[PDB]
file coords_26.pdb (PDB, N, CA and C atoms)
ATOM      1  N   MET A 273     -16.813 -17.422  44.561  1.00  0.00           N
ATOM      2  CA  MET A 273     -17.955 -17.614  43.640  1.00  0.00           C
ATOM      3  C   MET A 273     -17.452 -17.740  42.242  1.00  0.00           C
ATOM      4  N   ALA A 274     -18.220 -18.431  41.381  1.00  0.00           N
ATOM      5  CA  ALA A 274     -17.770 -18.620  40.036  1.00  0.00           C
ATOM      6  C   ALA A 274     -17.751 -17.282  39.382  1.00  0.00           C
ATOM      7  N   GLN A 275     -16.725 -17.040  38.547  1.00  0.00           N
ATOM      8  CA  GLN A 275     -16.639 -15.791  37.856  1.00  0.00           C
ATOM      9  C   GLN A 275     -16.576 -16.103  36.401  1.00  0.00           C
ATOM     10  N   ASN A 276     -16.588 -15.051  35.563  1.00  0.00           N
ATOM     11  CA  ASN A 276     -16.611 -15.263  34.148  1.00  0.00           C
ATOM     12  C   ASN A 276     -15.203 -15.266  33.653  1.00  0.00           C
ATOM     13  N   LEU A 277     -14.808 -16.378  33.002  1.00  0.00           N
ATOM     14  CA  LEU A 277     -13.507 -16.469  32.413  1.00  0.00           C
ATOM     15  C   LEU A 277     -13.724 -16.805  30.976  1.00  0.00           C
ATOM     16  N   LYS A 278     -13.143 -16.008  30.060  1.00  0.00           N
ATOM     17  CA  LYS A 278     -13.323 -16.317  28.674  1.00  0.00           C
ATOM     18  C   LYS A 278     -12.351 -17.385  28.316  1.00  0.00           C
ATOM     19  N   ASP A 279     -12.808 -18.347  27.494  1.00  0.00           N
ATOM     20  CA  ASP A 279     -11.959 -19.423  27.091  1.00  0.00           C
ATOM     21  C   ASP A 279     -12.034 -19.510  25.604  1.00  0.00           C
ATOM     22  N   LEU A 280     -10.890 -19.305  24.928  1.00  0.00           N
ATOM     23  CA  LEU A 280     -10.873 -19.430  23.502  1.00  0.00           C
ATOM     24  C   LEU A 280     -10.076 -20.654  23.204  1.00  0.00           C
ATOM     25  N   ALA A 281     -10.592 -21.521  22.314  1.00  0.00           N
ATOM     26  CA  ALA A 281      -9.874 -22.721  22.016  1.00  0.00           C
ATOM     27  C   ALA A 281      -9.823 -22.868  20.534  1.00  0.00           C
ATOM     28  N   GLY A 282      -8.727 -23.468  20.034  1.00  0.00           N
ATOM     29  CA  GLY A 282      -8.600 -23.707  18.631  1.00  0.00           C
ATOM     30  C   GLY A 282      -8.111 -22.448  18.004  1.00  0.00           C
ATOM     31  N   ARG A 283      -7.609 -22.557  16.761  1.00  0.00           N
ATOM     32  CA  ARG A 283      -7.154 -21.398  16.060  1.00  0.00           C
ATOM     33  C   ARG A 283      -7.729 -21.481  14.688  1.00  0.00           C
ATOM     34  N   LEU A 284      -8.056 -20.319  14.097  1.00  0.00           N
ATOM     35  CA  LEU A 284      -8.569 -20.332  12.762  1.00  0.00           C
ATOM     36  C   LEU A 284      -7.471 -19.835  11.888  1.00  0.00           C
ATOM     37  N   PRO A 285      -7.230 -20.536  10.820  1.00  0.00           N
ATOM     38  CA  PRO A 285      -6.165 -20.126   9.957  1.00  0.00           C
ATOM     39  C   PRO A 285      -6.556 -18.892   9.223  1.00  0.00           C
ATOM     40  N   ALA A 286      -5.605 -17.955   9.052  1.00  0.00           N
ATOM     41  CA  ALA A 286      -5.878 -16.731   8.366  1.00  0.00           C
ATOM     42  C   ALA A 286      -4.811 -15.778   8.777  1.00  0.00           C
ATOM     43  N   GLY A 287      -4.868 -14.547   8.242  1.00  0.00           N
ATOM     44  CA  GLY A 287      -3.912 -13.559   8.628  1.00  0.00           C
ATOM     45  C   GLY A 287      -4.701 -12.371   9.054  1.00  0.00           C
ATOM     46  N   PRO A 288      -4.041 -11.420   9.643  1.00  0.00           N
ATOM     47  CA  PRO A 288      -4.748 -10.237  10.026  1.00  0.00           C
ATOM     48  C   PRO A 288      -5.104  -9.520   8.773  1.00  0.00           C
ATOM     49  N   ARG A 289      -6.196  -8.737   8.786  1.00  0.00           N
ATOM     50  CA  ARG A 289      -6.639  -8.168   7.554  1.00  0.00           C
ATOM     51  C   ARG A 289      -6.970  -6.733   7.782  1.00  0.00           C
ATOM     52  N   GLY A 290      -7.054  -5.978   6.671  1.00  0.00           N
ATOM     53  CA  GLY A 290      -7.555  -4.638   6.695  1.00  0.00           C
ATOM     54  C   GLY A 290      -6.429  -3.680   6.503  1.00  0.00           C
ATOM     55  N   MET A 291      -5.481  -3.656   7.452  1.00  0.00           N
ATOM     56  CA  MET A 291      -4.399  -2.720   7.384  1.00  0.00           C
ATOM     57  C   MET A 291      -3.558  -3.038   6.209  1.00  0.00           C
ATOM     58  N   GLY A 292      -3.329  -4.341   5.979  1.00  0.00           N
ATOM     59  CA  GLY A 292      -2.449  -4.765   4.937  1.00  0.00           C
ATOM     60  C   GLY A 292      -2.997  -4.360   3.611  1.00  0.00           C
ATOM     61  N   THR A 293      -4.322  -4.492   3.417  1.00  0.00           N
ATOM     62  CA  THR A 293      -4.915  -4.221   2.144  1.00  0.00           C
ATOM     63  C   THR A 293      -4.760  -2.770   1.826  1.00  0.00           C
ATOM     64  N   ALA A 294      -4.945  -1.900   2.834  1.00  0.00           N
ATOM     65  CA  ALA A 294      -4.896  -0.487   2.623  1.00  0.00           C
ATOM     66  C   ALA A 294      -3.523  -0.113   2.190  1.00  0.00           C
ATOM     67  N   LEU A 295      -2.505  -0.684   2.856  1.00  0.00           N
ATOM     68  CA  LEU A 295      -1.163  -0.298   2.561  1.00  0.00           C
ATOM     69  C   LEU A 295      -0.805  -0.721   1.174  1.00  0.00           C
ATOM     70  N   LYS A 296      -1.250  -1.923   0.755  1.00  0.00           N
ATOM     71  CA  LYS A 296      -0.907  -2.402  -0.554  1.00  0.00           C
ATOM     72  C   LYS A 296      -1.516  -1.519  -1.602  1.00  0.00           C
ATOM     73  N   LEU A 297      -2.762  -1.051  -1.385  1.00  0.00           N
ATOM     74  CA  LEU A 297      -3.464  -0.255  -2.361  1.00  0.00           C
ATOM     75  C   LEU A 297      -2.742   1.043  -2.543  1.00  0.00           C
ATOM     76  N   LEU A 298      -2.288   1.636  -1.422  1.00  0.00           N
ATOM     77  CA  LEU A 298      -1.638   2.915  -1.460  1.00  0.00           C
ATOM     78  C   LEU A 298      -0.372   2.792  -2.236  1.00  0.00           C
ATOM     79  N   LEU A 299       0.373   1.688  -2.022  1.00  0.00           N
ATOM     80  CA  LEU A 299       1.653   1.497  -2.649  1.00  0.00           C
ATOM     81  C   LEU A 299       1.454   1.385  -4.125  1.00  0.00           C
ATOM     82  N   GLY A 300       0.394   0.675  -4.561  1.00  0.00           N
ATOM     83  CA  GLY A 300       0.174   0.475  -5.969  1.00  0.00           C
ATOM     84  C   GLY A 300      -0.099   1.791  -6.626  1.00  0.00           C
ATOM     85  N   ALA A 301      -0.901   2.651  -5.969  1.00  0.00           N
ATOM     86  CA  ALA A 301      -1.259   3.902  -6.575  1.00  0.00           C
ATOM     87  C   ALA A 301      -0.036   4.746  -6.745  1.00  0.00           C
ATOM     88  N   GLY A 302       0.843   4.753  -5.726  1.00  0.00           N
ATOM     89  CA  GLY A 302       2.007   5.590  -5.770  1.00  0.00           C
ATOM     90  C   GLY A 302       2.894   5.148  -6.889  1.00  0.00           C
ATOM     91  N   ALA A 303       3.027   3.820  -7.085  1.00  0.00           N
ATOM     92  CA  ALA A 303       3.899   3.277  -8.096  1.00  0.00           C
ATOM     93  C   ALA A 303       3.399   3.679  -9.446  1.00  0.00           C
ATOM     94  N   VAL A 304       2.066   3.645  -9.648  1.00  0.00           N
ATOM     95  CA  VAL A 304       1.574   3.967 -10.962  1.00  0.00           C
ATOM     96  C   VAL A 304       1.867   5.398 -11.269  1.00  0.00           C
ATOM     97  N   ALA A 305       1.679   6.280 -10.268  1.00  0.00           N
ATOM     98  CA  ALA A 305       1.864   7.682 -10.518  1.00  0.00           C
ATOM     99  C   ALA A 305       3.289   7.966 -10.880  1.00  0.00           C
ATOM    100  N   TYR A 306       4.225   7.309 -10.181  1.00  0.00           N
ATOM    101  CA  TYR A 306       5.642   7.493 -10.355  1.00  0.00           C
ATOM    102  C   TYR A 306       6.021   7.084 -11.747  1.00  0.00           C
ATOM    103  N   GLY A 307       5.446   5.964 -12.225  1.00  0.00           N
ATOM    104  CA  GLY A 307       5.792   5.492 -13.538  1.00  0.00           C
ATOM    105  C   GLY A 307       5.382   6.495 -14.572  1.00  0.00           C
ATOM    106  N   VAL A 308       4.178   7.061 -14.422  1.00  0.00           N
ATOM    107  CA  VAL A 308       3.713   7.946 -15.444  1.00  0.00           C
ATOM    108  C   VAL A 308       4.594   9.160 -15.506  1.00  0.00           C
ATOM    109  N   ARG A 309       5.016   9.670 -14.331  1.00  0.00           N
ATOM    110  CA  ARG A 309       5.802  10.872 -14.309  1.00  0.00           C
ATOM    111  C   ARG A 309       7.106  10.642 -15.013  1.00  0.00           C
ATOM    112  N   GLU A 310       7.698   9.447 -14.831  1.00  0.00           N
ATOM    113  CA  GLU A 310       8.992   9.156 -15.383  1.00  0.00           C
ATOM    114  C   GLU A 310       8.899   9.143 -16.873  1.00  0.00           C
ATOM    115  N   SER A 311       7.737   8.745 -17.412  1.00  0.00           N
ATOM    116  CA  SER A 311       7.604   8.674 -18.834  1.00  0.00           C
ATOM    117  C   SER A 311       7.606  10.056 -19.454  1.00  0.00           C
ATOM    118  N   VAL A 312       7.334  11.157 -18.721  1.00  0.00           N
ATOM    119  CA  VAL A 312       7.232  12.409 -19.439  1.00  0.00           C
ATOM    120  C   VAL A 312       8.392  13.306 -19.122  1.00  0.00           C
ATOM    121  N   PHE A 313       8.862  14.069 -20.139  1.00  0.00           N
ATOM    122  CA  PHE A 313       9.949  14.998 -19.971  1.00  0.00           C
ATOM    123  C   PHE A 313       9.608  16.271 -20.670  1.00  0.00           C
ATOM    124  N   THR A 314      10.181  17.393 -20.191  1.00  0.00           N
ATOM    125  CA  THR A 314       9.875  18.661 -20.781  1.00  0.00           C
ATOM    126  C   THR A 314      11.146  19.293 -21.251  1.00  0.00           C
ATOM    127  N   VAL A 315      11.082  19.936 -22.435  1.00  0.00           N
ATOM    128  CA  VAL A 315      12.193  20.685 -22.943  1.00  0.00           C
ATOM    129  C   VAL A 315      11.762  22.116 -22.914  1.00  0.00           C
ATOM    130  N   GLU A 316      12.556  22.989 -22.266  1.00  0.00           N
ATOM    131  CA  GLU A 316      12.107  24.345 -22.145  1.00  0.00           C
ATOM    132  C   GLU A 316      12.580  25.130 -23.325  1.00  0.00           C
ATOM    133  N   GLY A 317      12.077  26.372 -23.452  1.00  0.00           N
ATOM    134  CA  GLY A 317      12.339  27.174 -24.611  1.00  0.00           C
ATOM    135  C   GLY A 317      13.807  27.434 -24.730  1.00  0.00           C
ATOM    136  N   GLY A 318      14.301  27.446 -25.984  1.00  0.00           N
ATOM    137  CA  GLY A 318      15.668  27.780 -26.245  1.00  0.00           C
ATOM    138  C   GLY A 318      16.495  26.538 -26.184  1.00  0.00           C
ATOM    139  N   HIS A 319      15.897  25.426 -25.716  1.00  0.00           N
ATOM    140  CA  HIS A 319      16.617  24.190 -25.601  1.00  0.00           C
ATOM    141  C   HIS A 319      16.125  23.262 -26.665  1.00  0.00           C
ATOM    142  N   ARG A 320      16.940  22.232 -26.974  1.00  0.00           N
ATOM    143  CA  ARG A 320      16.565  21.205 -27.903  1.00  0.00           C
ATOM    144  C   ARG A 320      17.083  19.909 -27.364  1.00  0.00           C
ATOM    145  N   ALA A 321      16.312  18.813 -27.544  1.00  0.00           N
ATOM    146  CA  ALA A 321      16.709  17.560 -26.964  1.00  0.00           C
ATOM    147  C   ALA A 321      17.126  16.597 -28.028  1.00  0.00           C
ATOM    148  N   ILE A 322      18.192  15.831 -27.720  1.00  0.00           N
ATOM    149  CA  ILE A 322      18.689  14.786 -28.564  1.00  0.00           C
ATOM    150  C   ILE A 322      18.305  13.495 -27.898  1.00  0.00           C
TER     151      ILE A 322
END

call {"tool": "encode", "arguments": {"input": "coords_26.pdb", "output": "structure tokens"}}
result
Amino acid sequence: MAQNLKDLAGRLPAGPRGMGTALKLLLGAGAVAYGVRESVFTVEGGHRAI
């Protein structure tokens, strides 16, 4: 008896989405945080910086 067979034809151009966006966003946030931290330094008491 005839059965159900799915038939997909043609391809739509594009890339997979969703996971990539999340990862990129996370990376950007981490980079920004890292940059800010690098910009700041602390000199503790009794010390002096040149």

call {"tool": "atom_distance", "arguments": {"input": "coords_26.pdb", "atom1": "CA of residue 288 (chain A)", "atom2": "atom C of residue 301 (chain A)"}}
result
23.0 Å

call {"tool": "atom_distance", "arguments": {"input": "coords_26.pdb", "atom1": "CA of residue 297 (chain A)", "atom2": "atom C of residue 310 (chain A)"}}
result
21.3 Å

call {"tool": "atom_distance", "arguments": {"input": "coords_26.pdb", "atom1": "CA of residue 296 (chain A)", "atom2": "CA of residue 313 (chain A)"}}
result
28.2 Å

call {"tool": "select_by_dssp", "arguments": {"input": "coords_26.pdb", "residues": "chain A", "states": "alpha helix (DSSP H)", "output": "short mmCIF file (atom, residue, chain, number, x, y, z; two decimals) with N, CA and C atoms, in the coordinates of the input"}}
result
data_model
loop_
_atom_site.label_atom_id
_atom_site.label_comp_id
_atom_site.auth_asym_id
_atom_site.auth_seq_id
_atom_site.Cartn_x
_atom_site.Cartn_y
_atom_site.Cartn_z
N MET A 291 -5.48 -3.66 7.45
CA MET A 291 -4.40 -2.72 7.38
C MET A 291 -3.56 -3.04 6.21
N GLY A 292 -3.33 -4.34 5.98
CA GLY A 292 -2.45 -4.76 4.94
C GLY A 292 -3.00 -4.36 3.61
N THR A 293 -4.32 -4.49 3.42
CA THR A 293 -4.92 -4.22 2.14
C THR A 293 -4.76 -2.77 1.83
N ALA A 294 -4.94 -1.90 2.83
CA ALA A 294 -4.90 -0.49 2.62
C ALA A 294 -3.52 -0.11 2.19
N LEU A 295 -2.50 -0.68 2.86
CA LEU A 295 -1.16 -0.30 2.56
C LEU A 295 -0.80 -0.72 1.17
N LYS A 296 -1.25 -1.92 0.76
CA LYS A 296 -0.91 -2.40 -0.55
C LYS A 296 -1.52 -1.52 -1.60
N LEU A 297 -2.76 -1.05 -1.38
CA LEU A 297 -3.46 -0.26 -2.36
C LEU A 297 -2.74 1.04 -2.54
N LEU A 298 -2.29 1.64 -1.42
CA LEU A 298 -1.64 2.92 -1.46
C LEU A 298 -0.37 2.79 -2.24
N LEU A 299 0.37 1.69 -2.02
CA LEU A 299 1.65 1.50 -2.65
C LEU A 299 1.45 1.38 -4.12
N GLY A 300 0.39 0.68 -4.56
CA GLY A 300 0.17 0.48 -5.97
C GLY A 300 -0.10 1.79 -6.63
N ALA A 301 -0.90 2.65 -5.97
CA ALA A 301 -1.26 3.90 -6.58
C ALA A 301 -0.04 4.75 -6.74
N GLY A 302 0.84 4.75 -5.73
CA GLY A 302 2.01 5.59 -5.77
C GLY A 302 2.89 5.15 -6.89
N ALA A 303 3.03 3.82 -7.08
CA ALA A 303 3.90 3.28 -8.10
C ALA A 303 3.40 3.68 -9.45
N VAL A 304 2.07 3.64 -9.65
CA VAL A 304 1.57 3.97 -10.96
C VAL A 304 1.87 5.40 -11.27
N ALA A 305 1.68 6.28 -10.27
CA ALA A 305 1.86 7.68 -10.52
C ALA A 305 3.29 7.97 -10.88
N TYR A 306 4.22 7.31 -10.18
CA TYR A 306 5.64 7.49 -10.36
C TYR A 306 6.02 7.08 -11.75
N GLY A 307 5.45 5.96 -12.22
CA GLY A 307 5.79 5.49 -13.54
C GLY A 307 5.38 6.50 -14.57
N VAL A 308 4.18 7.06 -14.42
CA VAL A 308 3.71 7.95 -15.44
C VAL A 308 4.59 9.16 -15.51
N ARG A 309 5.02 9.67 -14.33
CA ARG A 309 5.80 10.87 -14.31
C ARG A 309 7.11 10.64 -15.01
N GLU A 310 7.70 9.45 -14.83
CA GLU A 310 8.99 9.16 -15.38
C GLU A 310 8.90 9.14 -16.87
N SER A 311 7.74 8.74 -17.41
CA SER A 311 7.60 8.67 -18.83
C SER A 311 7.61 10.06 -19.45
#

call {"tool": "build_atoms", "arguments": {"input": "coords_26.pdb", "residues": "region 304-321 of chain A", "atoms": "N, CA, C and O atoms", "output": "tab-separated table (two decimals), in the coordinates of the input"}}
result
chain	number	residue	atom	x	y	z
A	304	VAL	N	2.07	3.64	-9.65
A	304	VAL	CA	1.57	3.97	-10.96
A	304	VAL	C	1.87	5.40	-11.27
A	304	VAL	O	2.26	5.74	-12.39
A	305	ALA	N	1.68	6.28	-10.27
A	305	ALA	CA	1.86	7.68	-10.52
A	305	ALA	C	3.29	7.97	-10.88
A	305	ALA	O	3.58	8.77	-11.76
A	306	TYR	N	4.22	7.31	-10.18
A	306	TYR	CA	5.64	7.49	-10.36
A	306	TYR	C	6.02	7.08	-11.75
A	306	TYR	O	6.83	7.75	-12.41
A	307	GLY	N	5.45	5.96	-12.22
A	307	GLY	CA	5.79	5.49	-13.54
A	307	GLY	C	5.38	6.50	-14.57
A	307	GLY	O	6.11	6.78	-15.52
A	308	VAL	N	4.18	7.06	-14.42
A	308	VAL	CA	3.71	7.95	-15.44
A	308	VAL	C	4.59	9.16	-15.51
A	308	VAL	O	4.91	9.66	-16.59
A	309	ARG	N	5.02	9.67	-14.33
A	309	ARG	CA	5.80	10.87	-14.31
A	309	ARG	C	7.11	10.64	-15.01
A	309	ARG	O	7.60	11.52	-15.71
A	310	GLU	N	7.70	9.45	-14.83
A	310	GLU	CA	8.99	9.16	-15.38
A	310	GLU	C	8.90	9.14	-16.87
A	310	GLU	O	9.87	9.45	-17.57
A	311	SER	N	7.74	8.74	-17.41
A	311	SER	CA	7.60	8.67	-18.83
A	311	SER	C	7.61	10.06	-19.45
A	311	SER	O	7.84	10.18	-20.65
A	312	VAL	N	7.33	11.16	-18.72
A	312	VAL	CA	7.23	12.41	-19.44
A	312	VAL	C	8.39	13.31	-19.12
A	312	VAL	O	8.88	13.34	-17.99
A	313	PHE	N	8.86	14.07	-20.14
A	313	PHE	CA	9.95	15.00	-19.97
A	313	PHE	C	9.61	16.27	-20.67
A	313	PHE	O	8.84	16.28	-21.63
A	314	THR	N	10.18	17.39	-20.19
A	314	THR	CA	9.88	18.66	-20.78
A	314	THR	C	11.15	19.29	-21.25
A	314	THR	O	12.18	19.22	-20.59
A	315	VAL	N	11.08	19.94	-22.44
A	315	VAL	CA	12.19	20.68	-22.94
A	315	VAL	C	11.76	22.12	-22.91
A	315	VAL	O	10.72	22.47	-23.46
A	316	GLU	N	12.56	22.99	-22.27
A	316	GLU	CA	12.11	24.34	-22.14
A	316	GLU	C	12.58	25.13	-23.32
A	316	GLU	O	13.37	24.65	-24.13
A	317	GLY	N	12.08	26.37	-23.45
A	317	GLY	CA	12.34	27.17	-24.61
A	317	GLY	C	13.81	27.43	-24.73
A	317	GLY	O	14.51	27.63	-23.74
A	318	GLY	N	14.30	27.45	-25.98
A	318	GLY	CA	15.67	27.78	-26.24
A	318	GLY	C	16.50	26.54	-26.18
A	318	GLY	O	17.67	26.56	-26.55
A	319	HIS	N	15.90	25.43	-25.72
A	319	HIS	CA	16.62	24.19	-25.60
A	319	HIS	C	16.12	23.26	-26.66
A	319	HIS	O	15.04	23.44	-27.21
A	320	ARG	N	16.94	22.23	-26.97
A	320	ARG	CA	16.57	21.20	-27.90
A	320	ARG	C	17.08	19.91	-27.36
A	320	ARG	O	18.17	19.86	-26.78
A	321	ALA	N	16.31	18.81	-27.54
A	321	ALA	CA	16.71	17.56	-26.96
A	321	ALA	C	17.13	16.60	-28.03
A	321	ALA	O	16.52	16.50	-29.09
